[PDB]
Amino acid sequence: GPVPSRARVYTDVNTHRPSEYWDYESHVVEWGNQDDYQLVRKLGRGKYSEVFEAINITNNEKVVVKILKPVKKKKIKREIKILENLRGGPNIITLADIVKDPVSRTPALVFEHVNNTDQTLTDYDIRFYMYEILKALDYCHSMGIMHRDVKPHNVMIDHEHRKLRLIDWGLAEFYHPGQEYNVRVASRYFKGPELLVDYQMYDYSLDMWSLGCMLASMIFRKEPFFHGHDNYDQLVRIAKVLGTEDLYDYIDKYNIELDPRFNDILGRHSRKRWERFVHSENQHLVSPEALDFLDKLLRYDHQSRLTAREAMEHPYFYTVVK
Ligand SMILES: NCCc1ccc(Cl)c(Cl)c1
Ligand SMILES: NCCc1ccc(Cl)c(Cl)c1
Ligand SMILES: NCCc1ccc(Cl)c(Cl)c1
Ligand SMILES: NCCc1ccc(Cl)c(Cl)c1
Ligand SMILES: NCCc1ccc(Cl)c(Cl)c1
Ligand SMILES: NCCc1ccc(Cl)c(Cl)c1
């Protein structure tokens, strides 16, 4: 069987908290009043959600309303409990209310309003915003929660106010050491190698891999950086950059049973130098410190990646106010 693993940090946060903190199935959800709100306009949609700008008619404040198709009720309870536990954390979206349609029983989450800013980014801007995301991740990991869906669309930035919010906690989960989790999390391009090789005993370090994918796409102007066309191909795209030598050493370290399908597609690939991705169009965003930081996030071995707190101490952030 596979070798067990434990987070290097915040290992026992949930172990030392009462069950009311992490037992989301027992959480008593209390509805607010859907009549306090009026929908203004549709902002976007997902397979099981619709997002609207709305106004709270009792105080004239704008809000964002996420209407959920309740296909998996336990999942909605988990998102609500996590949002309540994390409320007030640095750069964590604030859940303002929870309402239900009086006839269809469709639930809706009400968030603080955020004016999302859709080439003008400087090296300094990337360092600044990357540090704000790290504050959010160090906070949620310190609270015993893995986000598990870190990606650009889940990072809202109001650039005029230099305001950042980490959103969509629908895939977030409580970290319990030794627990085996579902690997069918995160968006394809941001999935860590642990998910792709079906290593279930993962932890907060998954979010640090996803953060590394975002950094690579920003500094190299290549969106997404690892462009897989399915979950198997996703690992091949990673292997084409990090090389196959370090991938095979990772699988052996954790005694992972690698799917036989990888034999026909993985091949043999050299370790590429991060400098290979630098071009005239992206050189203004790359520096030795940026590449050193990227190299310390994008590691196959989940235990070897920087933690959010270690990442915050990297020289890449020496130019930002802590
Ligand atoms: N009447 C169903 C649509 C809907 C959903 C959520 C809210 Cl908060 C509102 Cl006002 C309206
Ligand atoms: N996973 C949420 C993606 C997302 C982000 C921002 C907006 Cl405004 C919308 Cl509609 C949807
Ligand atoms: N939706 C904003 C995505 C994003 C994520 C990280 C950074 Cl550093 C930036 Cl500039 C932008
Ligand atoms: N996707 C769930 C979280 C979420 C989605 C979109 C927006 Cl605009 C906000 Cl505030 C929050
Ligand atoms: N400091 C970024 C510009 C630059 C110049 C030369 C090289 Cl080889 C690289 Cl990777 C990057
Ligand atoms: N990575 C391809 C070679 C290369 C390396 C560094 C720079 Cl700055 C350029 Cl333009 C081109």
# chains A, B, ... in the order shown; residues from 1 in each chain; ligands from 1

call {"tool": "residues_near_ligand", "arguments": {"ligand": "ligand 1", "cutoff": "12 Å", "atoms": "only C-alpha atoms and all ligand atoms", "output": "JSON, numbers by chain"}}
result
{"A": [31, 32, 33, 34, 35, 36, 37, 38, 39, 40, 41, 42, 49, 50, 51, 52, 53, 54, 55, 56, 57, 62, 63, 64, 65, 66, 67, 68, 69, 96, 97, 98, 99, 100, 101, 102, 103, 104, 105, 106, 107, 108, 109, 110, 111]}

call {"tool": "residues_near_ligand", "arguments": {"ligand": "ligand 6", "cutoff": "10 Å", "atoms": "only C-alpha atoms and all ligand atoms", "output": "short mmCIF file (atom, residue, chain, number, x, y, z; two decimals) with N, CA and C atoms, in the first residue's frame"}}
result
data_model
loop_
_atom_site.label_atom_id
_atom_site.label_comp_id
_atom_site.auth_asym_id
_atom_site.auth_seq_id
_atom_site.Cartn_x
_atom_site.Cartn_y
_atom_site.Cartn_z
N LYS A 272 13.40 20.70 -17.42
CA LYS A 272 13.66 21.95 -18.12
C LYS A 272 14.09 23.04 -17.15
N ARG A 273 14.92 23.98 -17.62
CA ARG A 273 15.34 25.13 -16.83
C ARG A 273 14.19 26.14 -16.92
N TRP A 274 13.77 26.75 -15.79
CA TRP A 274 12.67 27.72 -15.81
C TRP A 274 12.94 28.87 -16.78
N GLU A 275 14.22 29.19 -17.00
CA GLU A 275 14.67 30.24 -17.93
C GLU A 275 14.18 29.99 -19.35
N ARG A 276 13.91 28.72 -19.74
CA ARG A 276 13.41 28.29 -21.06
C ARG A 276 12.07 28.97 -21.44
N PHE A 277 11.27 29.35 -20.43
CA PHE A 277 9.95 29.94 -20.66
C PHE A 277 9.97 31.47 -20.77
N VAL A 278 11.16 32.08 -20.65
CA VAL A 278 11.32 33.53 -20.72
C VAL A 278 11.40 33.99 -22.19
N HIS A 279 10.62 35.01 -22.56
CA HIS A 279 10.60 35.58 -23.91
C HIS A 279 10.53 37.10 -23.80
N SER A 280 10.64 37.83 -24.92
CA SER A 280 10.60 39.31 -24.90
C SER A 280 9.30 39.86 -24.31
N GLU A 281 8.18 39.15 -24.54
CA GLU A 281 6.84 39.50 -24.06
C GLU A 281 6.65 39.32 -22.54
N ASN A 282 7.46 38.48 -21.87
CA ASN A 282 7.28 38.19 -20.43
C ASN A 282 8.49 38.46 -19.54
N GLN A 283 9.62 38.92 -20.13
CA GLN A 283 10.86 39.11 -19.38
C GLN A 283 10.75 40.17 -18.27
N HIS A 284 9.90 41.20 -18.44
CA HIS A 284 9.67 42.27 -17.45
C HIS A 284 9.04 41.77 -16.14
N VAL A 286 9.88 38.41 -14.94
CA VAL A 286 10.77 37.36 -14.49
C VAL A 286 12.04 37.95 -13.86
N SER A 287 12.54 37.28 -12.83
CA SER A 287 13.74 37.65 -12.11
C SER A 287 14.31 36.38 -11.49
#

call {"tool": "residues_near_ligand", "arguments": {"ligand": "ligand 3", "cutoff": "8 Å", "atoms": "only C-alpha atoms and all ligand atoms", "output": "PDB file with C-alpha atoms, in the first residue's frame"}}
result
ATOM      1  CA  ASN A 116     -13.952  42.339 -10.086  1.00  0.00           C
ATOM      2  CA  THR A 117     -11.217  43.782 -12.354  1.00  0.00           C
ATOM      3  CA  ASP A 118     -11.209  41.713 -15.589  1.00  0.00           C
ATOM      4  CA  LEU A 121       0.491  44.143 -14.641  1.00  0.00           C
ATOM      5  CA  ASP A 125       1.791  44.014  -8.911  1.00  0.00           C
ATOM      6  CA  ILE A 126       2.345  40.235  -9.203  1.00  0.00           C
ATOM      7  CA  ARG A 127       4.433  40.185  -5.980  1.00  0.00           C
ATOM      8  CA  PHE A 128       1.797  42.319  -4.173  1.00  0.00           C
ATOM      9  CA  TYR A 129      -1.207  40.170  -5.168  1.00  0.00           C
ATOM     10  CA  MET A 130       0.647  36.847  -4.707  1.00  0.00           C
ATOM     11  CA  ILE A 133      -3.280  35.266  -1.706  1.00  0.00           C
ATOM     12  CA  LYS A 151      -7.150  29.161  -9.644  1.00  0.00           C
ATOM     13  CA  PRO A 152      -7.287  32.673 -11.218  1.00  0.00           C
ATOM     14  CA  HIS A 153     -11.129  32.778 -11.467  1.00  0.00           C
ATOM     15  CA  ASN A 154     -11.304  32.118  -7.678  1.00  0.00           C
ATOM     16  CA  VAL A 155      -9.126  35.163  -6.902  1.00  0.00           C
ATOM     17  CA  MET A 156     -11.182  38.350  -7.105  1.00  0.00           C
ATOM     18  CA  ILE A 157      -9.203  41.600  -7.372  1.00  0.00           C
ATOM     19  CA  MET A 214      -0.951  30.530 -11.144  1.00  0.00           C
ATOM     20  CA  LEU A 215       2.440  32.200 -10.587  1.00  0.00           C
ATOM     21  CA  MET A 218       1.315  35.177 -14.642  1.00  0.00           C
TER      22      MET A 218
END

call {"tool": "closest_residue", "arguments": {"among": "A:90, A:177, A:170, A:18", "to": "ligand 4", "atoms": "only C-alpha atoms and all ligand atoms"}}
result
A:170

call {"tool": "closest_residue", "arguments": {"among": "A:269, A:193, A:143, A:164", "to": "residue 16 in chain A", "atoms": "only C-alpha atoms"}}
result
A:143

call {"tool": "decode", "arguments": {"residues": "range 155-170 of chain A", "atoms": "N, CA, C and O atoms", "output": "PDB file, in the first residue's frame"}}
result
ATOM      1  N   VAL A 155      -9.842  34.041  -7.529  1.00  0.00           N
ATOM      2  CA  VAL A 155      -9.126  35.163  -6.902  1.00  0.00           C
ATOM      3  C   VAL A 155      -9.763  36.410  -7.475  1.00  0.00           C
ATOM      4  O   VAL A 155      -9.568  36.715  -8.665  1.00  0.00           O
ATOM      5  N   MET A 156     -10.551  37.107  -6.666  1.00  0.00           N
ATOM      6  CA  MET A 156     -11.182  38.350  -7.105  1.00  0.00           C
ATOM      7  C   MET A 156     -10.292  39.501  -6.702  1.00  0.00           C
ATOM      8  O   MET A 156      -9.849  39.562  -5.554  1.00  0.00           O
ATOM      9  N   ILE A 157     -10.019  40.409  -7.643  1.00  0.00           N
ATOM     10  CA  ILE A 157      -9.203  41.600  -7.372  1.00  0.00           C
ATOM     11  C   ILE A 157      -9.972  42.858  -7.800  1.00  0.00           C
ATOM     12  O   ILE A 157     -10.409  42.928  -8.936  1.00  0.00           O
ATOM     13  N   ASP A 158     -10.101  43.839  -6.905  1.00  0.00           N
ATOM     14  CA  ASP A 158     -10.644  45.171  -7.207  1.00  0.00           C
ATOM     15  C   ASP A 158      -9.363  46.005  -7.267  1.00  0.00           C
ATOM     16  O   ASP A 158      -8.871  46.472  -6.228  1.00  0.00           O
ATOM     17  N   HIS A 159      -8.752  46.078  -8.475  1.00  0.00           N
ATOM     18  CA  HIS A 159      -7.443  46.721  -8.683  1.00  0.00           C
ATOM     19  C   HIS A 159      -7.378  48.199  -8.264  1.00  0.00           C
ATOM     20  O   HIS A 159      -6.342  48.617  -7.732  1.00  0.00           O
ATOM     21  N   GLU A 160      -8.465  48.974  -8.466  1.00  0.00           N
ATOM     22  CA  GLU A 160      -8.510  50.400  -8.070  1.00  0.00           C
ATOM     23  C   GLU A 160      -8.304  50.577  -6.550  1.00  0.00           C
ATOM     24  O   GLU A 160      -7.712  51.574  -6.116  1.00  0.00           O
ATOM     25  N   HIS A 161      -8.787  49.599  -5.745  1.00  0.00           N
ATOM     26  CA  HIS A 161      -8.686  49.630  -4.286  1.00  0.00           C
ATOM     27  C   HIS A 161      -7.623  48.681  -3.733  1.00  0.00           C
ATOM     28  O   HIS A 161      -7.491  48.573  -2.503  1.00  0.00           O
ATOM     29  N   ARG A 162      -6.857  48.002  -4.638  1.00  0.00           N
ATOM     30  CA  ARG A 162      -5.806  47.016  -4.316  1.00  0.00           C
ATOM     31  C   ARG A 162      -6.350  45.961  -3.311  1.00  0.00           C
ATOM     32  O   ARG A 162      -5.674  45.582  -2.347  1.00  0.00           O
ATOM     33  N   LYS A 163      -7.615  45.534  -3.543  1.00  0.00           N
ATOM     34  CA  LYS A 163      -8.377  44.636  -2.678  1.00  0.00           C
ATOM     35  C   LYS A 163      -8.528  43.254  -3.293  1.00  0.00           C
ATOM     36  O   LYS A 163      -9.009  43.139  -4.414  1.00  0.00           O
ATOM     37  N   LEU A 164      -8.125  42.199  -2.549  1.00  0.00           N
ATOM     38  CA  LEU A 164      -8.172  40.837  -3.070  1.00  0.00           C
ATOM     39  C   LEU A 164      -9.008  39.932  -2.176  1.00  0.00           C
ATOM     40  O   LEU A 164      -8.936  40.034  -0.944  1.00  0.00           O
ATOM     41  N   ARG A 165      -9.804  39.038  -2.789  1.00  0.00           N
ATOM     42  CA  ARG A 165     -10.618  38.074  -2.033  1.00  0.00           C
ATOM     43  C   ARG A 165     -10.519  36.687  -2.653  1.00  0.00           C
ATOM     44  O   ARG A 165     -10.717  36.532  -3.860  1.00  0.00           O
ATOM     45  N   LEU A 166     -10.231  35.677  -1.829  1.00  0.00           N
ATOM     46  CA  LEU A 166     -10.235  34.285  -2.253  1.00  0.00           C
ATOM     47  C   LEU A 166     -11.689  33.795  -2.092  1.00  0.00           C
ATOM     48  O   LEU A 166     -12.272  33.855  -0.989  1.00  0.00           O
ATOM     49  N   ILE A 167     -12.286  33.371  -3.214  1.00  0.00           N
ATOM     50  CA  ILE A 167     -13.706  32.953  -3.262  1.00  0.00           C
ATOM     51  C   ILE A 167     -13.865  31.448  -3.597  1.00  0.00           C
ATOM     52  O   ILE A 167     -12.881  30.728  -3.822  1.00  0.00           O
ATOM     53  N   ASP A 168     -15.136  31.020  -3.676  1.00  0.00           N
ATOM     54  CA  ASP A 168     -15.606  29.683  -4.033  1.00  0.00           C
ATOM     55  C   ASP A 168     -14.972  28.609  -3.183  1.00  0.00           C
ATOM     56  O   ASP A 168     -14.084  27.867  -3.618  1.00  0.00           O
ATOM     57  N   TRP A 169     -15.512  28.493  -1.983  1.00  0.00           N
ATOM     58  CA  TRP A 169     -15.067  27.527  -0.982  1.00  0.00           C
ATOM     59  C   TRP A 169     -15.890  26.215  -1.090  1.00  0.00           C
ATOM     60  O   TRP A 169     -15.896  25.410  -0.151  1.00  0.00           O
ATOM     61  N   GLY A 170     -16.537  25.997  -2.236  1.00  0.00           N
ATOM     62  CA  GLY A 170     -17.389  24.827  -2.460  1.00  0.00           C
ATOM     63  C   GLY A 170     -16.637  23.499  -2.475  1.00  0.00           C
ATOM     64  O   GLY A 170     -17.246  22.441  -2.252  1.00  0.00           O
TER      65      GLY A 170
END
